[PDB]
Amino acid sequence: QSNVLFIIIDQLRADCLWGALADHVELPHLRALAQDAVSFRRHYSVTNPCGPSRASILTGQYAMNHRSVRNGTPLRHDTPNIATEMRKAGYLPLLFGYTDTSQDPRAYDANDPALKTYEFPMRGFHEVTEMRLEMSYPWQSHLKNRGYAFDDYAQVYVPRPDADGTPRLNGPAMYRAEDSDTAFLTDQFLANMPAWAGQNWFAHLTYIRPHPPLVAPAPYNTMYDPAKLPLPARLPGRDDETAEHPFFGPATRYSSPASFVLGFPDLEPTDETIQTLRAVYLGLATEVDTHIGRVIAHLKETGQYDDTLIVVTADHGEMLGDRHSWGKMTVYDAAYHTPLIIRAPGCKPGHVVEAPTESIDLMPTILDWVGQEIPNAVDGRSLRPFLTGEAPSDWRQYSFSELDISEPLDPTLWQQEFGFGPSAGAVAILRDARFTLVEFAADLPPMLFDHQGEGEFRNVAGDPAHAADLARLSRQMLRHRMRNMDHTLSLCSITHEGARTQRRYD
């Protein structure tokens, strides 16, 4: 009677659902859901990459609090999360896919498998289908049982070359559409959900696609013509990007078209190459949509659609060639701006939210809706007021994101160039109505983007005419960090009668 369906699409841009790229991709099921629900237009990931972003989404805390700042950085074992809190509400959190959680070494034996991968499922989640990108054993066994020939898992991602053996960038995937990673995970959800109907269930479905190595099964590989797509938003050359801030030198080098596909090691970043990858990515998104329609159809068929809290989002964005860069290890909005659709029984269908919302607001929304206590450790705030077309009077007027550009055992390109250590790798972003401020822990100058001017296309931090804006935004950023320190026990008080707690948000 009270179900929770939490879908995370890895790496889908907000502008593909609504915005600059929306008219160049077919997303009917996601657009039909938005039409029958609440869409959040100013929704941003609080951190990057995949690991820190998921840690934040699943714990409801900023990276400065949860401290799983990089892929492989452990998360404290006693950190309250959506699964642990939903278990207190009597739910068995069902997992279809991955959580990308780096386990606490203090909670396991040194030789335990859980400490050998940063793709490991988070404490509290009950895994029904394991579908981690680097280990998709059920999907790999499915392809082997289907009669697909592959001596290595990496061979599965190589696009089919031409008849003459010539490698083809947008060549169809070695697997048919019905045997794809997207189709298979959806099939596993539909093979396991029927018996859960009637009881209160919590299902967490995580789609990797669209995501590198970029390959799509027939007909999605060529469904979109690269020649009819818009070119990425970028300055004329890679050196013009690096000229805006020295940070962009390592950023445009971190990822490339050559690292986003398998079988093309010497791949040149030409307009033909860039547009092909862009078309493959969009085809993978239409494939995800198609399979999401089947998930929705199942809820309607079982009469469970109206009695379910549906949460659809993307973990982080993707540059997609924008600003001569790929991936999400950068400071531009496209790496953080993510779609968010929430359907709840009695919500305002077709309602569009313009207020800044954060990835950390998801966990408290779910707990609020089920009627479970939100821990004080949670930095995020429930989006429930927005569901009935309203809003809280004391809402955020800016959004905040973090990044870490250090790696403890293998120094990053930024560390090799600028010479900072792994305690000074933190980057912070503050998105104000007019400005975007970027501040580094390391000895790198701030970035300032004026949306009333050139926007993200010009770093104006060195301009003395913007000194008062720079000082005001940086104090606003300083205050945010001071107002959002670890609240696990900071609102508890030791009194003569015992320990007494104060609720963080009223």
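Heads up: residue numbers just count along the shown sequence, starting at 1.
A.B. asks: Return whichever of 450 to 458 and 477 to 485 has the greater mean Cα B factor according to the PDB record.
C.D. replies: The deposited B-factors put 450 to 458 ahead on the C-alpha mean.
A.B. asks: Hey, which bit's got the bigger mean C-alpha B factor in the entry, 232 to 240 or 204 to 212?
C.D. replies: In the deposited entry, the stretch with the higher C-alpha B-factor mean is 232 to 240.
A.B. asks: Would you mind checking which of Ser325, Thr166, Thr182, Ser401 has the top Cα temperature factor in the PDB entry?
C.D. replies: Of the options given, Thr166 has the highest CA B-factor in the PDB entry.
A.B. asks: Can you tell me which of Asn376, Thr286, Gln140, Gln155 has the highest Cα temperature factor in the record?
C.D. replies: Among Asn376, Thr286, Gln140, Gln155, the PDB entry lists the largest C-alpha B-factor for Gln155.
A.B. asks: Looking at the temperature factor on the CA atom of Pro445, which third of the chain's modelled residues does it land in?
C.D. replies: Its C-alpha B-factor, which the entry lists for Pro445, ranks in the lowest third among residues of this chain.
A.B. asks: Sort the modelled residues of this chain by their C-alpha B factor and say whether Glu417 lands in the lowest, middle or highest third.
C.D. replies: It belongs to the highest third of the chain when residues are ordered by C-alpha B-factor.
A.B. asks: Select lowest, middle or highest to describe the third in which the CA B-factor of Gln35 falls within its chain in this entry.
C.D. replies: CA B-factor rank for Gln35: highest third.
A.B. asks: Ranked by Cα temperature factor within the chain, is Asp368 in the lowest third, the middle third or the highest third?
C.D. replies: Middle third - that is where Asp368 ends up once the chain's C-alpha B-factors are sorted.
A.B. asks: What third of its chain's C-alpha B-factors does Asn48 belong to: lowest, middle or highest?
C.D. replies: Top third by C-alpha B-factor.
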